[PDB]
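Structure file start21.cif (mmCIF, N, CA and C atoms) is printed below.
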```cif
data_protein
loop_
_atom_site.label_atom_id
_atom_site.label_comp_id
_atom_site.auth_asym_id
_atom_site.auth_seq_id
_atom_site.Cartn_x
_atom_site.Cartn_y
_atom_site.Cartn_z
N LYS A 3 0.82 -1.21 0.00
CA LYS A 3 0.00 0.00 0.00
C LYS A 3 0.86 1.26 0.00
N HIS A 4 2.14 1.10 0.31
CA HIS A 4 3.08 2.20 0.27
C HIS A 4 3.64 2.37 -1.14
N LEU A 5 4.33 3.48 -1.34
CA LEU A 5 5.04 3.69 -2.59
C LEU A 5 6.23 2.74 -2.68
N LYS A 6 6.67 2.48 -3.91
CA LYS A 6 7.75 1.55 -4.16
C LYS A 6 9.01 2.30 -4.59
N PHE A 7 10.14 1.60 -4.48
CA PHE A 7 11.45 2.16 -4.80
C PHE A 7 11.77 3.37 -3.93
N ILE A 8 11.33 3.32 -2.67
CA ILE A 8 11.74 4.27 -1.65
C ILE A 8 12.36 3.58 -0.45
N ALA A 9 11.75 2.49 0.02
CA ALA A 9 12.24 1.77 1.18
C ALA A 9 13.30 0.76 0.78
N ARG A 10 14.37 0.70 1.57
CA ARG A 10 15.45 -0.27 1.39
C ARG A 10 16.07 -0.19 0.00
N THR A 11 16.12 1.01 -0.58
CA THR A 11 16.68 1.22 -1.90
C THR A 11 17.99 1.98 -1.80
N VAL A 12 19.00 1.51 -2.51
CA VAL A 12 20.31 2.15 -2.56
C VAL A 12 20.69 2.35 -4.01
N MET A 13 21.04 3.58 -4.37
CA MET A 13 21.45 3.89 -5.73
C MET A 13 22.89 3.46 -5.96
N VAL A 14 23.15 2.86 -7.12
CA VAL A 14 24.49 2.41 -7.46
C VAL A 14 25.29 3.58 -8.02
N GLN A 15 26.53 3.72 -7.56
CA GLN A 15 27.41 4.82 -7.96
C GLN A 15 28.42 4.31 -8.97
N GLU A 16 28.28 4.76 -10.22
CA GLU A 16 29.21 4.43 -11.30
C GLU A 16 29.37 2.92 -11.46
N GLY A 17 28.25 2.21 -11.37
CA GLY A 17 28.26 0.77 -11.57
C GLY A 17 28.97 -0.01 -10.49
N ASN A 18 29.26 0.62 -9.35
CA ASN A 18 29.88 -0.08 -8.22
C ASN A 18 28.82 -0.87 -7.45
N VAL A 19 28.30 -1.91 -8.11
CA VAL A 19 27.23 -2.70 -7.54
C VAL A 19 27.68 -3.40 -6.27
N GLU A 20 28.95 -3.80 -6.20
CA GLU A 20 29.47 -4.43 -4.99
C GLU A 20 29.31 -3.52 -3.78
N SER A 21 29.76 -2.27 -3.91
CA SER A 21 29.66 -1.34 -2.80
C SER A 21 28.21 -0.99 -2.49
N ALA A 22 27.36 -0.90 -3.51
CA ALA A 22 25.95 -0.61 -3.27
C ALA A 22 25.29 -1.74 -2.48
N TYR A 23 25.58 -2.98 -2.85
CA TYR A 23 25.03 -4.11 -2.11
C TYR A 23 25.60 -4.18 -0.70
N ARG A 24 26.88 -3.85 -0.54
CA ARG A 24 27.46 -3.81 0.80
C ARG A 24 26.77 -2.77 1.66
N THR A 25 26.50 -1.59 1.10
CA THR A 25 25.81 -0.55 1.84
C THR A 25 24.39 -0.97 2.20
N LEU A 26 23.69 -1.61 1.26
CA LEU A 26 22.33 -2.08 1.54
C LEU A 26 22.33 -3.11 2.66
N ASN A 27 23.27 -4.06 2.60
CA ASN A 27 23.36 -5.08 3.64
C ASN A 27 23.72 -4.46 4.98
N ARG A 28 24.61 -3.46 4.98
CA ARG A 28 24.95 -2.78 6.23
C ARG A 28 23.74 -2.06 6.80
N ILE A 29 22.94 -1.43 5.95
CA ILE A 29 21.73 -0.75 6.41
C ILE A 29 20.78 -1.75 7.05
N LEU A 30 20.54 -2.87 6.36
CA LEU A 30 19.63 -3.88 6.89
C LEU A 30 20.15 -4.47 8.20
N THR A 31 21.46 -4.67 8.29
CA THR A 31 22.05 -5.22 9.51
C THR A 31 21.93 -4.24 10.67
N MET A 32 22.28 -2.98 10.44
CA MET A 32 22.20 -1.98 11.50
C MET A 32 20.77 -1.79 11.97
N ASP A 33 19.82 -1.77 11.04
CA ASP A 33 18.42 -1.69 11.43
C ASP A 33 17.90 -2.99 12.03
N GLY A 34 18.68 -4.07 11.96
CA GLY A 34 18.28 -5.33 12.55
C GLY A 34 17.37 -6.18 11.70
N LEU A 35 17.15 -5.81 10.44
CA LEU A 35 16.21 -6.56 9.61
C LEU A 35 16.72 -7.96 9.30
N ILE A 36 18.03 -8.10 9.07
CA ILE A 36 18.58 -9.40 8.69
C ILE A 36 18.38 -10.41 9.81
N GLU A 37 18.71 -10.02 11.04
CA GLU A 37 18.51 -10.92 12.17
C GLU A 37 17.03 -11.21 12.37
N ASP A 38 16.18 -10.22 12.14
CA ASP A 38 14.74 -10.43 12.27
C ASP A 38 14.24 -11.47 11.27
N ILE A 39 14.70 -11.39 10.02
CA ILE A 39 14.30 -12.38 9.02
C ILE A 39 14.80 -13.76 9.40
N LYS A 40 16.07 -13.84 9.81
CA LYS A 40 16.65 -15.13 10.17
C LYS A 40 15.90 -15.76 11.33
N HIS A 41 15.51 -14.96 12.32
CA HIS A 41 14.77 -15.48 13.46
C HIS A 41 13.32 -15.78 13.10
N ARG A 42 12.77 -15.10 12.09
CA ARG A 42 11.40 -15.35 11.67
C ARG A 42 11.28 -16.49 10.67
N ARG A 43 12.39 -17.07 10.22
CA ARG A 43 12.29 -18.26 9.38
C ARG A 43 11.51 -19.37 10.08
N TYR A 44 11.89 -19.69 11.31
CA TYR A 44 11.16 -20.64 12.14
C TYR A 44 10.63 -19.92 13.37
N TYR A 45 9.47 -20.35 13.85
CA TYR A 45 8.84 -19.68 14.97
C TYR A 45 9.66 -19.86 16.24
N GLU A 46 9.91 -18.75 16.93
CA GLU A 46 10.61 -18.76 18.21
C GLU A 46 9.57 -18.64 19.31
N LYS A 47 9.46 -19.68 20.13
CA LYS A 47 8.45 -19.69 21.18
C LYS A 47 8.74 -18.58 22.19
N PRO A 48 7.71 -18.03 22.82
CA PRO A 48 7.92 -16.85 23.69
C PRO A 48 8.94 -17.07 24.79
N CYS A 49 8.98 -18.26 25.39
CA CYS A 49 10.01 -18.52 26.40
C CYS A 49 11.39 -18.50 25.77
N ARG A 50 11.55 -19.12 24.60
CA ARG A 50 12.83 -19.09 23.91
C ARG A 50 13.20 -17.67 23.51
N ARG A 51 12.22 -16.88 23.06
CA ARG A 51 12.50 -15.50 22.69
C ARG A 51 12.95 -14.69 23.90
N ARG A 52 12.29 -14.87 25.04
CA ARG A 52 12.69 -14.17 26.25
C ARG A 52 14.09 -14.58 26.68
N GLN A 53 14.40 -15.87 26.61
CA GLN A 53 15.73 -16.33 26.97
C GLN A 53 16.79 -15.74 26.05
N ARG A 54 16.51 -15.72 24.74
CA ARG A 54 17.46 -15.13 23.80
C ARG A 54 17.65 -13.65 24.06
N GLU A 55 16.56 -12.93 24.33
CA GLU A 55 16.67 -11.50 24.58
C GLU A 55 17.45 -11.22 25.86
N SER A 56 17.22 -12.00 26.91
CA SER A 56 17.98 -11.84 28.14
C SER A 56 19.46 -12.11 27.91
N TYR A 57 19.76 -13.19 27.18
CA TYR A 57 21.15 -13.52 26.90
C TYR A 57 21.82 -12.42 26.09
N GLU A 58 21.12 -11.89 25.08
CA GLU A 58 21.70 -10.85 24.25
C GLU A 58 21.87 -9.54 25.01
N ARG A 59 20.95 -9.22 25.92
CA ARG A 59 21.11 -8.02 26.73
C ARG A 59 22.28 -8.14 27.69
N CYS A 60 22.43 -9.30 28.33
CA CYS A 60 23.59 -9.51 29.19
C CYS A 60 24.88 -9.48 28.38
N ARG A 61 24.86 -10.05 27.18
CA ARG A 61 26.03 -10.01 26.32
C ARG A 61 26.37 -8.59 25.91
N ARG A 62 25.36 -7.78 25.60
CA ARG A 62 25.59 -6.39 25.25
C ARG A 62 26.19 -5.62 26.42
N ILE A 63 25.65 -5.83 27.62
CA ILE A 63 26.19 -5.15 28.79
C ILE A 63 27.65 -5.53 29.00
N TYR A 64 27.94 -6.83 28.95
CA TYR A 64 29.31 -7.28 29.19
C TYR A 64 30.25 -6.77 28.12
N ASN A 65 29.84 -6.83 26.86
CA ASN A 65 30.70 -6.40 25.77
C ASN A 65 30.96 -4.90 25.83
N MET A 66 29.93 -4.11 26.15
CA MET A 66 30.13 -2.67 26.27
C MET A 66 31.05 -2.34 27.43
N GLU A 67 30.88 -3.02 28.57
CA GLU A 67 31.76 -2.74 29.70
C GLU A 67 33.20 -3.16 29.41
N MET A 68 33.39 -4.30 28.76
CA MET A 68 34.73 -4.74 28.41
C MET A 68 35.38 -3.79 27.41
N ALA A 69 34.61 -3.32 26.43
CA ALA A 69 35.14 -2.34 25.48
C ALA A 69 35.51 -1.05 26.18
N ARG A 70 34.69 -0.61 27.13
CA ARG A 70 35.01 0.60 27.89
C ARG A 70 36.30 0.43 28.67
N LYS A 71 36.47 -0.73 29.32
CA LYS A 71 37.71 -0.97 30.07
C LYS A 71 38.91 -1.02 29.14
N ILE A 72 38.77 -1.66 27.98
CA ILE A 72 39.88 -1.77 27.04
C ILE A 72 40.28 -0.39 26.54
N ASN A 73 39.29 0.44 26.18
CA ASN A 73 39.60 1.79 25.73
C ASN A 73 40.23 2.61 26.85
N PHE A 74 39.75 2.43 28.08
CA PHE A 74 40.31 3.16 29.21
C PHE A 74 41.76 2.79 29.45
N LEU A 75 42.10 1.51 29.33
CA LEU A 75 43.45 1.05 29.61
C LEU A 75 44.38 1.11 28.41
N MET A 76 43.86 1.36 27.21
CA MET A 76 44.71 1.32 26.02
C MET A 76 45.84 2.34 26.09
N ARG A 77 45.62 3.46 26.77
CA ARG A 77 46.68 4.45 26.91
C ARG A 77 47.87 3.88 27.66
N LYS A 78 47.65 2.89 28.52
CA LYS A 78 48.71 2.26 29.29
C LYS A 78 49.46 1.19 28.52
N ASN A 79 49.17 1.03 27.22
CA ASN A 79 49.90 0.09 26.39
C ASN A 79 51.23 0.65 25.91
N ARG A 80 51.55 1.89 26.26
CA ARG A 80 52.78 2.53 25.82
C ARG A 80 54.00 1.82 26.40
N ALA A 81 55.18 2.31 26.02
CA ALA A 81 56.42 1.67 26.40
C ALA A 81 56.64 1.74 27.91
N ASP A 82 57.44 0.80 28.40
CA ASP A 82 57.76 0.74 29.82
C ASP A 82 58.70 1.88 30.18
N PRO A 83 58.31 2.78 31.08
CA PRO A 83 59.17 3.93 31.39
C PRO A 83 60.26 3.62 32.40
N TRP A 84 60.06 2.58 33.21
CA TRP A 84 60.98 2.21 34.27
C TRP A 84 61.63 0.86 33.99
N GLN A 85 62.02 0.64 32.74
CA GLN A 85 62.59 -0.64 32.34
C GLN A 85 63.86 -0.93 33.13
N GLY A 86 63.97 -2.16 33.62
CA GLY A 86 65.11 -2.59 34.40
C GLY A 86 64.91 -2.54 35.89
N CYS A 87 63.90 -1.83 36.37
CA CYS A 87 63.61 -1.75 37.80
C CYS A 87 62.43 -2.64 38.16
N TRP B 199 76.64 -11.52 23.25
CA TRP B 199 76.25 -11.51 24.65
C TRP B 199 76.54 -12.87 25.27
N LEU B 200 76.96 -12.85 26.53
CA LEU B 200 77.20 -14.10 27.24
C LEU B 200 75.89 -14.84 27.50
N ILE B 201 75.96 -16.16 27.47
CA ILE B 201 74.79 -17.01 27.66
C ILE B 201 74.40 -17.01 29.14
N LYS B 202 73.22 -17.55 29.44
CA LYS B 202 72.72 -17.54 30.81
C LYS B 202 73.66 -18.28 31.75
N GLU B 203 74.27 -19.37 31.28
CA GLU B 203 75.20 -20.12 32.12
C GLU B 203 76.42 -19.28 32.48
N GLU B 204 76.95 -18.52 31.52
CA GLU B 204 78.08 -17.65 31.82
C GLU B 204 77.70 -16.58 32.83
N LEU B 205 76.50 -16.00 32.69
CA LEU B 205 76.05 -15.01 33.66
C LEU B 205 75.90 -15.61 35.04
N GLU B 206 75.37 -16.83 35.12
CA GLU B 206 75.24 -17.50 36.42
C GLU B 206 76.60 -17.78 37.03
N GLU B 207 77.57 -18.18 36.21
CA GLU B 207 78.92 -18.40 36.71
C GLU B 207 79.52 -17.10 37.23
N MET B 208 79.30 -16.00 36.51
CA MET B 208 79.82 -14.71 36.96
C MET B 208 79.18 -14.27 38.27
N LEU B 209 77.87 -14.42 38.39
CA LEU B 209 77.13 -13.90 39.53
C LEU B 209 77.07 -14.86 40.71
N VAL B 210 77.37 -16.14 40.49
CA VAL B 210 77.35 -17.16 41.53
C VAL B 210 75.94 -17.22 42.11
N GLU B 211 74.94 -17.08 41.24
CA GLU B 211 73.55 -17.08 41.66
C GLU B 211 72.71 -17.76 40.60
N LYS B 212 71.74 -18.56 41.04
CA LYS B 212 70.81 -19.17 40.10
C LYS B 212 69.93 -18.10 39.47
N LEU B 213 69.70 -18.23 38.16
CA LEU B 213 68.94 -17.25 37.41
C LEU B 213 67.86 -17.95 36.60
N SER B 214 66.94 -17.15 36.08
CA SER B 214 65.87 -17.63 35.22
C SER B 214 66.05 -17.07 33.82
N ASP B 215 65.36 -17.68 32.86
CA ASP B 215 65.46 -17.23 31.47
C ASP B 215 64.94 -15.81 31.31
N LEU B 216 63.84 -15.49 31.99
CA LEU B 216 63.29 -14.14 31.89
C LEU B 216 64.18 -13.11 32.56
N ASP B 217 64.83 -13.48 33.67
CA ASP B 217 65.80 -12.57 34.28
C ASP B 217 66.96 -12.30 33.33
N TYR B 218 67.45 -13.34 32.66
CA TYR B 218 68.50 -13.17 31.67
C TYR B 218 68.03 -12.27 30.54
N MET B 219 66.79 -12.44 30.10
CA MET B 219 66.25 -11.59 29.04
C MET B 219 66.20 -10.14 29.47
N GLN B 220 65.75 -9.88 30.70
CA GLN B 220 65.71 -8.50 31.20
C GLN B 220 67.11 -7.90 31.26
N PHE B 221 68.08 -8.68 31.75
CA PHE B 221 69.44 -8.18 31.83
C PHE B 221 70.01 -7.87 30.45
N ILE B 222 69.76 -8.74 29.48
CA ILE B 222 70.29 -8.52 28.14
C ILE B 222 69.62 -7.32 27.48
N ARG B 223 68.31 -7.16 27.70
CA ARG B 223 67.62 -5.98 27.17
C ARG B 223 68.20 -4.71 27.76
N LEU B 224 68.47 -4.71 29.07
CA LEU B 224 69.04 -3.53 29.71
C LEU B 224 70.44 -3.24 29.17
N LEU B 225 71.24 -4.29 28.95
CA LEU B 225 72.57 -4.09 28.39
C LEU B 225 72.52 -3.55 26.97
N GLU B 226 71.59 -4.05 26.16
CA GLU B 226 71.44 -3.53 24.80
C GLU B 226 71.02 -2.07 24.83
N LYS B 227 70.09 -1.71 25.71
CA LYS B 227 69.69 -0.32 25.84
C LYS B 227 70.87 0.54 26.29
N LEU B 228 71.74 -0.01 27.14
CA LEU B 228 72.95 0.70 27.52
C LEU B 228 73.86 0.93 26.31
N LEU B 229 74.00 -0.08 25.46
CA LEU B 229 74.83 0.06 24.27
C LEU B 229 74.28 1.11 23.32
N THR B 230 72.95 1.16 23.17
CA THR B 230 72.35 2.01 22.14
C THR B 230 72.64 3.49 22.37
N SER B 231 72.89 3.90 23.61
CA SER B 231 73.06 5.31 23.92
C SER B 231 74.49 5.76 23.65
N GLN B 232 74.71 7.07 23.81
CA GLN B 232 76.04 7.65 23.62
C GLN B 232 76.93 7.30 24.81
N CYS B 233 77.29 6.03 24.92
CA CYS B 233 78.04 5.55 26.07
C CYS B 233 79.49 6.02 26.02
N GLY B 234 80.05 6.28 27.20
CA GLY B 234 81.44 6.67 27.33
C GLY B 234 82.36 5.47 27.47
N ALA B 235 83.60 5.76 27.87
CA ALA B 235 84.60 4.70 27.99
C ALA B 235 84.24 3.72 29.10
N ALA B 236 83.82 4.22 30.26
CA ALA B 236 83.47 3.34 31.36
C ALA B 236 82.21 2.54 31.05
N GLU B 237 81.22 3.18 30.42
CA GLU B 237 80.01 2.48 30.03
C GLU B 237 80.27 1.41 28.98
N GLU B 238 81.28 1.61 28.13
CA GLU B 238 81.68 0.58 27.19
C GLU B 238 82.47 -0.54 27.85
N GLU B 239 83.30 -0.21 28.84
CA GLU B 239 84.03 -1.24 29.57
C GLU B 239 83.08 -2.14 30.35
N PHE B 240 82.04 -1.55 30.94
CA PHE B 240 81.06 -2.35 31.66
C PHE B 240 80.38 -3.34 30.73
N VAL B 241 80.02 -2.90 29.53
CA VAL B 241 79.42 -3.80 28.55
C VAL B 241 80.41 -4.87 28.12
N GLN B 242 81.66 -4.48 27.85
CA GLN B 242 82.66 -5.44 27.40
C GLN B 242 82.97 -6.47 28.48
N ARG B 243 82.67 -6.15 29.74
CA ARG B 243 82.81 -7.14 30.80
C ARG B 243 81.96 -8.37 30.51
N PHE B 244 80.76 -8.17 29.96
CA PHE B 244 79.85 -9.28 29.69
C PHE B 244 79.96 -9.80 28.26
N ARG B 245 80.39 -8.97 27.32
CA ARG B 245 80.54 -9.41 25.95
C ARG B 245 81.63 -10.48 25.85
N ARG B 246 81.34 -11.54 25.11
CA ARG B 246 82.28 -12.62 24.87
C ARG B 246 82.70 -12.61 23.41
N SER B 247 83.84 -13.25 23.15
CA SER B 247 84.43 -13.30 21.82
C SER B 247 83.99 -14.57 21.12
N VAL B 248 83.60 -14.44 19.85
CA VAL B 248 83.16 -15.56 19.04
C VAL B 248 84.14 -15.72 17.88
N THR B 249 84.60 -16.96 17.67
CA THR B 249 85.55 -17.25 16.60
C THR B 249 84.78 -17.43 15.30
N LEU B 250 84.89 -16.45 14.40
CA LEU B 250 84.22 -16.51 13.10
C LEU B 250 85.13 -17.28 12.15
N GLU B 251 84.92 -18.59 12.08
CA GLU B 251 85.70 -19.43 11.18
C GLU B 251 85.29 -19.17 9.74
N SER B 252 86.27 -18.83 8.90
CA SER B 252 85.98 -18.54 7.51
C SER B 252 85.59 -19.82 6.78
N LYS B 253 84.49 -19.76 6.03
CA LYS B 253 84.08 -20.89 5.21
C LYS B 253 84.92 -21.03 3.95
N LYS B 254 85.84 -20.10 3.71
CA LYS B 254 86.68 -20.15 2.52
C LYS B 254 87.46 -21.46 2.46
N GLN B 255 87.44 -22.09 1.30
CA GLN B 255 88.12 -23.37 1.12
C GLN B 255 89.63 -23.18 1.21
N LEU B 256 90.29 -24.14 1.86
CA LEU B 256 91.75 -24.14 1.92
C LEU B 256 92.32 -24.53 0.56
N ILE B 257 93.30 -23.76 0.11
CA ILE B 257 93.91 -23.95 -1.20
C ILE B 257 95.11 -24.86 -1.05
N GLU B 258 95.14 -25.94 -1.83
CA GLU B 258 96.27 -26.84 -1.80
C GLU B 258 97.51 -26.16 -2.37
N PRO B 259 98.69 -26.44 -1.81
CA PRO B 259 99.92 -25.90 -2.38
C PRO B 259 100.17 -26.46 -3.77
N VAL B 260 100.80 -25.65 -4.61
CA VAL B 260 101.12 -26.05 -5.98
C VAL B 260 102.46 -26.78 -5.95
N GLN B 261 102.43 -28.08 -6.21
CA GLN B 261 103.63 -28.90 -6.23
C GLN B 261 104.13 -29.06 -7.66
N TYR B 262 105.37 -29.52 -7.78
CA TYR B 262 106.02 -29.68 -9.07
C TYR B 262 106.58 -31.09 -9.20
N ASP B 263 106.42 -31.68 -10.38
CA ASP B 263 106.90 -33.03 -10.65
C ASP B 263 108.37 -32.98 -11.07
N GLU B 264 108.89 -34.12 -11.53
CA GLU B 264 110.26 -34.18 -12.01
C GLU B 264 110.45 -33.30 -13.24
#
```
Written as structure tokens, that's how I'd like the structure from this file.
Amino acid sequence: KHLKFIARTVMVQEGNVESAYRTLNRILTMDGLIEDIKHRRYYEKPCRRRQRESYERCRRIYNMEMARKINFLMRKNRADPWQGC
Amino acid sequence: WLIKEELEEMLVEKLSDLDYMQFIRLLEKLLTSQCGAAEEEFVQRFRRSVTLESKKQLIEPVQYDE
């Protein structure tokens, strides 16, 4: 019922179809459409869906905290200033 | 550079491979700088001499017949 060639459309630049498809796939991935399709192939029962969502939220929390710690400590990867002591 | 066994013989103390690595790294860092005569003598205390045997083939003497 909507207009066509507006949603999920990426224009190809100078026949660079590879990059256009990469951009389209990146858009779908960032918006979460690809994972949604993959999960909608077979029905996910509500208990399984809740378990998956809880696991993914805990994973997101842990990954974000670990990334924050890594970025915080990365400055300390520099050379040893007190070598030999 | 002297091997770990030579360093242990010099120091009369048991050592570890990582301790030897730290010591050798410190000595190399000492060499890299604008070291003076005493700083070079200290390094030469630990430096050992290696006999570079030439792979050049020995040439037979030219003999003469009757």
**Q.** Proximal residues of chain A relative to chain B (only C-alpha atoms; 12 Å) as a PyMOL selection string
**A.** chain A and resi 84-87
I need the residues from that last selection saved to file as a PDB file, in the coordinates of the input (with N, CA and C atoms), if you can.
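Generated file (result_3.pdb):
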```pdb
ATOM      1  N   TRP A  84      60.060   2.580  33.210  1.00  0.00           N
ATOM      2  CA  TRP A  84      60.980   2.210  34.270  1.00  0.00           C
ATOM      3  C   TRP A  84      61.630   0.860  33.990  1.00  0.00           C
ATOM      4  N   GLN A  85      62.020   0.640  32.740  1.00  0.00           N
ATOM      5  CA  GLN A  85      62.590  -0.640  32.340  1.00  0.00           C
ATOM      6  C   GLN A  85      63.860  -0.930  33.130  1.00  0.00           C
ATOM      7  N   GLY A  86      63.970  -2.160  33.620  1.00  0.00           N
ATOM      8  CA  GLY A  86      65.110  -2.590  34.400  1.00  0.00           C
ATOM      9  C   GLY A  86      64.910  -2.540  35.890  1.00  0.00           C
ATOM     10  N   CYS A  87      63.900  -1.830  36.370  1.00  0.00           N
ATOM     11  CA  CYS A  87      63.610  -1.750  37.800  1.00  0.00           C
ATOM     12  C   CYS A  87      62.430  -2.640  38.160  1.00  0.00           C
TER      13      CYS A  87
END
```
Q. In Å, how far is it from CA of residue 222 (chain B) to CA of residue 253 (chain B)?
A. 29.5 Å
Hey, can I get the axis-aligned box for region 216-230 of chain B? All listed atoms, 6 Å padding on each side, centre and edge lengths in Å to one decimal, as AutoDock Vina command-line options.
```
--center_x 69.1 --center_y -6.0 --center_z 28.2 --size_x 23.5 --size_y 31.0 --size_z 24.1
```
Q) If you measure from atom N of residue 29 (chain A) to CA of residue 10 (chain A), what distance in Å do you get, rounded to one decimal? A)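 Interatomic distance, atom N of residue 29 (chain A) to CA of residue 10 (chain A): 8.8 Å.
Picked out by the PyMOL selection byres ((chain B and resi 236-252) around 5) when it runs on this file: residues 199, 200, 234, 235, 253 and 254 of chain B.
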**Q.** Atom pair CA of residue 27 (chain A) / atom C of residue 60 (chain A): separation (Å)
**A.**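 Here the two named atoms are 25.2 Å from each other.
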Return region 227-244 of chain B, completed with N, CA, C and O atoms, as a PDB file, in the coordinates of the input.
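Resulting contents of rebuild-v6.pdb:
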```pdb
ATOM      1  N   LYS B 227      70.090  -1.710  25.710  1.00  0.00           N
ATOM      2  CA  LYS B 227      69.690  -0.320  25.840  1.00  0.00           C
ATOM      3  C   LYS B 227      70.870   0.540  26.290  1.00  0.00           C
ATOM      4  O   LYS B 227      70.993   1.701  25.871  1.00  0.00           O
ATOM      5  N   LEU B 228      71.740  -0.010  27.140  1.00  0.00           N
ATOM      6  CA  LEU B 228      72.950   0.700  27.520  1.00  0.00           C
ATOM      7  C   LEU B 228      73.860   0.930  26.310  1.00  0.00           C
ATOM      8  O   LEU B 228      74.427   2.014  26.151  1.00  0.00           O
ATOM      9  N   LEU B 229      74.000  -0.080  25.460  1.00  0.00           N
ATOM     10  CA  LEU B 229      74.830   0.060  24.270  1.00  0.00           C
ATOM     11  C   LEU B 229      74.280   1.110  23.320  1.00  0.00           C
ATOM     12  O   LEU B 229      75.040   1.865  22.705  1.00  0.00           O
ATOM     13  N   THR B 230      72.950   1.160  23.170  1.00  0.00           N
ATOM     14  CA  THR B 230      72.350   2.010  22.140  1.00  0.00           C
ATOM     15  C   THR B 230      72.640   3.490  22.370  1.00  0.00           C
ATOM     16  O   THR B 230      72.630   4.272  21.411  1.00  0.00           O
ATOM     17  N   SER B 231      72.890   3.900  23.610  1.00  0.00           N
ATOM     18  CA  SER B 231      73.060   5.310  23.920  1.00  0.00           C
ATOM     19  C   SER B 231      74.490   5.760  23.650  1.00  0.00           C
ATOM     20  O   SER B 231      75.372   4.972  23.308  1.00  0.00           O
ATOM     21  N   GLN B 232      74.710   7.070  23.810  1.00  0.00           N
ATOM     22  CA  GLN B 232      76.040   7.650  23.620  1.00  0.00           C
ATOM     23  C   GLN B 232      76.930   7.300  24.810  1.00  0.00           C
ATOM     24  O   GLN B 232      77.280   8.172  25.613  1.00  0.00           O
ATOM     25  N   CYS B 233      77.290   6.030  24.920  1.00  0.00           N
ATOM     26  CA  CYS B 233      78.040   5.550  26.070  1.00  0.00           C
ATOM     27  C   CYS B 233      79.490   6.020  26.020  1.00  0.00           C
ATOM     28  O   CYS B 233      80.088   6.148  24.946  1.00  0.00           O
ATOM     29  N   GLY B 234      80.050   6.280  27.200  1.00  0.00           N
ATOM     30  CA  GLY B 234      81.440   6.670  27.330  1.00  0.00           C
ATOM     31  C   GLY B 234      82.360   5.470  27.470  1.00  0.00           C
ATOM     32  O   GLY B 234      81.978   4.323  27.242  1.00  0.00           O
ATOM     33  N   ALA B 235      83.600   5.760  27.870  1.00  0.00           N
ATOM     34  CA  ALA B 235      84.600   4.700  27.990  1.00  0.00           C
ATOM     35  C   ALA B 235      84.240   3.720  29.100  1.00  0.00           C
ATOM     36  O   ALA B 235      84.345   2.500  28.909  1.00  0.00           O
ATOM     37  N   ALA B 236      83.820   4.220  30.260  1.00  0.00           N
ATOM     38  CA  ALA B 236      83.470   3.340  31.360  1.00  0.00           C
ATOM     39  C   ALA B 236      82.210   2.540  31.050  1.00  0.00           C
ATOM     40  O   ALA B 236      82.122   1.345  31.373  1.00  0.00           O
ATOM     41  N   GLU B 237      81.220   3.180  30.420  1.00  0.00           N
ATOM     42  CA  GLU B 237      80.010   2.480  30.030  1.00  0.00           C
ATOM     43  C   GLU B 237      80.270   1.410  28.980  1.00  0.00           C
ATOM     44  O   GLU B 237      79.559   0.407  28.946  1.00  0.00           O
ATOM     45  N   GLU B 238      81.280   1.610  28.130  1.00  0.00           N
ATOM     46  CA  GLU B 238      81.680   0.580  27.190  1.00  0.00           C
ATOM     47  C   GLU B 238      82.470  -0.540  27.850  1.00  0.00           C
ATOM     48  O   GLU B 238      82.329  -1.702  27.464  1.00  0.00           O
ATOM     49  N   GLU B 239      83.300  -0.210  28.840  1.00  0.00           N
ATOM     50  CA  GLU B 239      84.030  -1.240  29.570  1.00  0.00           C
ATOM     51  C   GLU B 239      83.080  -2.140  30.350  1.00  0.00           C
ATOM     52  O   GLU B 239      83.273  -3.360  30.409  1.00  0.00           O
ATOM     53  N   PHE B 240      82.040  -1.550  30.940  1.00  0.00           N
ATOM     54  CA  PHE B 240      81.060  -2.350  31.660  1.00  0.00           C
ATOM     55  C   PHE B 240      80.380  -3.340  30.730  1.00  0.00           C
ATOM     56  O   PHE B 240      80.163  -4.506  31.097  1.00  0.00           O
ATOM     57  N   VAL B 241      80.020  -2.900  29.530  1.00  0.00           N
ATOM     58  CA  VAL B 241      79.420  -3.800  28.550  1.00  0.00           C
ATOM     59  C   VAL B 241      80.410  -4.870  28.120  1.00  0.00           C
ATOM     60  O   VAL B 241      80.069  -6.061  28.044  1.00  0.00           O
ATOM     61  N   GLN B 242      81.660  -4.480  27.850  1.00  0.00           N
ATOM     62  CA  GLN B 242      82.660  -5.440  27.400  1.00  0.00           C
ATOM     63  C   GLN B 242      82.970  -6.470  28.480  1.00  0.00           C
ATOM     64  O   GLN B 242      83.499  -7.544  28.178  1.00  0.00           O
ATOM     65  N   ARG B 243      82.670  -6.150  29.740  1.00  0.00           N
ATOM     66  CA  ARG B 243      82.810  -7.140  30.800  1.00  0.00           C
ATOM     67  C   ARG B 243      81.960  -8.370  30.510  1.00  0.00           C
ATOM     68  O   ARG B 243      82.373  -9.504  30.790  1.00  0.00           O
ATOM     69  N   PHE B 244      80.760  -8.170  29.960  1.00  0.00           N
ATOM     70  CA  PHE B 244      79.850  -9.280  29.690  1.00  0.00           C
ATOM     71  C   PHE B 244      79.960  -9.800  28.260  1.00  0.00           C
ATOM     72  O   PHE B 244      79.649 -10.973  28.017  1.00  0.00           O
TER      73      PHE B 244
END
```
